[PDB]
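Next up: a single chain in structure tokens, the form deposited in one PDB entry.
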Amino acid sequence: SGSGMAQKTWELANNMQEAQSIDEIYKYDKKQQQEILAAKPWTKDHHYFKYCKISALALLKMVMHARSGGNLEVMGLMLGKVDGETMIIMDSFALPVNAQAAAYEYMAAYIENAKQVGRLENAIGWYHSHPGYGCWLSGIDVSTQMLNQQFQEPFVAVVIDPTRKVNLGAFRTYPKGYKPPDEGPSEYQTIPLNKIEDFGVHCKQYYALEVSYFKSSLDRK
């Protein structure tokens, strides 16, 4: 008696509670992110971030963009958030002259599209390709990333080599005059003879993050 109507109400409650849960999670993440962004712990610690988690969707798009330029470098922006000492990359868009108002109004639509599905994301970094020479930061890249870790902070620098298999680097520059300890050659990389000087010179002015990869519930399509 009322068995059929009970099933419908139970389905409806299940759906209504999912939406409410999604909204609660988004709101908790938003306030938790506004907390750290106002706190700015990365301004005091120079080895703060240690991990970089990249979504399979963001990697797909970045690698696709990287490949499309062939022998020529390519660049774009990355969407994500902070989670303690980890930089999470969830999505990315290619770049791209009056002004870069397009790069600013693209960014807003991505954040907004993600908000709908209850995803909290904002500009977390920039990516670019080194077709054939490896993952590291050129002298010009180190100047770029030092400025980014001043005006765009928190901001990560991703470098993809689409020619040579998973050849990606996630990096953070150290501040001007910061002398750190330890050794950082990590994984060996064969870079050309016409780049080794620029490499070796600047290879101490930044560090590598421990890259990890993930497939989200939404990134399964």
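By rigid core we mean the largest C-alpha set that fits within 1.5 Å across both forms. Just count from 1 along the sequence shown to find any residue number.
In the record comparison, residue 206 is modelled in each of the other entries of this protein that model the residues flanking it, with no third of them omitting it. Compared against other deposited entries of this protein, residue 138 counts as consistently modelled, with coordinates in all of those that resolve the residues around it and thus below the third mark.
The entry models residue 84 and residue 85 with no unmodelled deposited residue separating them. Unmodelled residues of the deposited sequence between residue 47 and residue 48: none, the chain being continuous. With 63 to 71 and 171 to 179 compared on mean CA B-factor from the PDB entry, the stretch scoring higher is 171 to 179. The stretch 102 to 110 shows the higher mean C-alpha B-factor when 132 to 140 is compared against 102 to 110 in the entry. Comparing the C-alpha B-factors of 166, 156, 58, 159 in the entry, the top value falls on 166. Ranked within its chain, residue 54 lands in the lowest third, by CA B factor from the PDB record. In the deposited entry, the Cα temperature factor of residue 116 sits in the top third of values across the chain's modelled residues.
In the deposited entry, the Cα temperature factor of residue 88 places it in the lowest third of its chain's modelled residues.
Among the modelled residues of its chain, residue 146 has a C-alpha B-factor that falls in the middle third, as given in the PDB entry. Per the deposited record, the Cα B-factor of residue 97 falls in the highest third when ranked against the other modelled residues of its chain.
Another form, the form deposited in another entry, is not on view; read the next lines as being about it.
Core-superposed comparison between the shown form and the other one: the C-alpha position of residue 113 differs by no less than 2 Å. Superposed on the core, the two forms differ at residue 27: its CA moves 2 Å or more between the shown form and the other one.
Residue displacement note: residue 102 has its CA displaced by at least 2 Å between the shown form and the other one (rigid core superposed). Compared with the form shown here, the Cα atoms of residue 152 and residue 29 move at least 3 Å farther apart in that other deposited form. Note: the CA-CA distance for residue 119 and residue 55 expands in that other deposited form relative to this form, by 3 angstroms or more.
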